[PDB]
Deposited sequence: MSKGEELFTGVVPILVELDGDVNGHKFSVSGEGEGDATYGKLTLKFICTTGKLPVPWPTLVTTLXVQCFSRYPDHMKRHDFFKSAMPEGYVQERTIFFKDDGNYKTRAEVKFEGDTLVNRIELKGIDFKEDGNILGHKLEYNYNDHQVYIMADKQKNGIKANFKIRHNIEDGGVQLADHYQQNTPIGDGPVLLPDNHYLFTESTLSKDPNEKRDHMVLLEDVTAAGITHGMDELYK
């Protein structure tokens, strides 16, 4: 049972190597997750300088194994069942009337730490659009994630639409396509359709001079 690896507090490391329209950047994150309470506390920094995209656009890319699955839902927790070897998480994120991100990540244990190691490639962006022009508010509108089994890839899939507030009014749509497949060869829990509900709070560290994002989340699975 991979669920047994989440009965306490787990340190988290996130690493992202990114390229949007040829603008290279890297993000490092650290924090902890508590799947018993469905809680994440993370801080991310851009290690290469100024982040060339808005922090909110990276939230979904920057660990669904920390969702709180209530007792009656344990049999549907694909994410923990793939641990410790982990899973590959891939997305395409289409920003309406702008470019798209393609992401590939390994989510797995390295020793006692849960890592999320990501490659991100963004193409076809407007150099002064809402993304590369930094026209998005520093806040978040979460959206429910309808998880479906992807039995041919022995994993899961989802399609969900995130709304990013535009400065001075307006919404920028980010249409997320997601598929996850186990890294290990052992059996995993292929779930019935269900939701993940997340609540994200973005803040800043007054003492942090690097471009950064403090991120807290509640994450909960729900049936039907």
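List in ascending order the stretches of the deposited sequence, numbered from 1, that lack C-alpha coordinates. Seq positions lacking coordinates: 1 to 2, 65, 228 to 236.
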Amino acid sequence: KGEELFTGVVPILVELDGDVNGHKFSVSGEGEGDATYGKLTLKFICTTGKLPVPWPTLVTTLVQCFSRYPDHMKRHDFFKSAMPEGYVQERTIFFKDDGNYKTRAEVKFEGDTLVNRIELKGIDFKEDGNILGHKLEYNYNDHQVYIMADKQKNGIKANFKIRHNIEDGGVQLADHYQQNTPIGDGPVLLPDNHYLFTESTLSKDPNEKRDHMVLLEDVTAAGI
From here on, numbers count along this sequence of modelled residues.
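Going by the average Cα B-factor in the PDB entry, point out whether 155 to 163 or 44 to 52 comes out higher. According to the PDB entry, the answer is 44 to 52.
Would you determine, from the values in the PDB entry, which of 15 to 23 and 203 to 211 has the greater average C-alpha temperature factor? 203 to 211 has the higher mean C-alpha B-factor.
Residue selected from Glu110, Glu106, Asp142, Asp71 by maximal Cα B factor: Answer for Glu110, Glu106, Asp142, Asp71: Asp71, with the highest C-alpha B-factor.
Where the record places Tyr138 (Cα B-factor, split into thirds across the chain): Middle third of the chain for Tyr138's C-alpha B-factor.
Record-listed C-alpha B factor of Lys96: chain third: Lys96: CA B-factor falls in the middle third of its chain.
Name the third of the chain's ranked CA B-factors that contains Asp168, choosing lowest, middle or highest. Highest third.
Consider only the C-alpha atoms of the modelled residues in this chain, order them by B-factor as the entry records it, and name the third containing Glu32: lowest, middle or highest. Its C-alpha B-factor, which the entry lists for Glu32, ranks in the middle third among residues of this chain.
Chain-wide C-alpha B factor ranking for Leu120, given as lowest, middle or highest third: Lowest third of the chain for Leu120's C-alpha B-factor.
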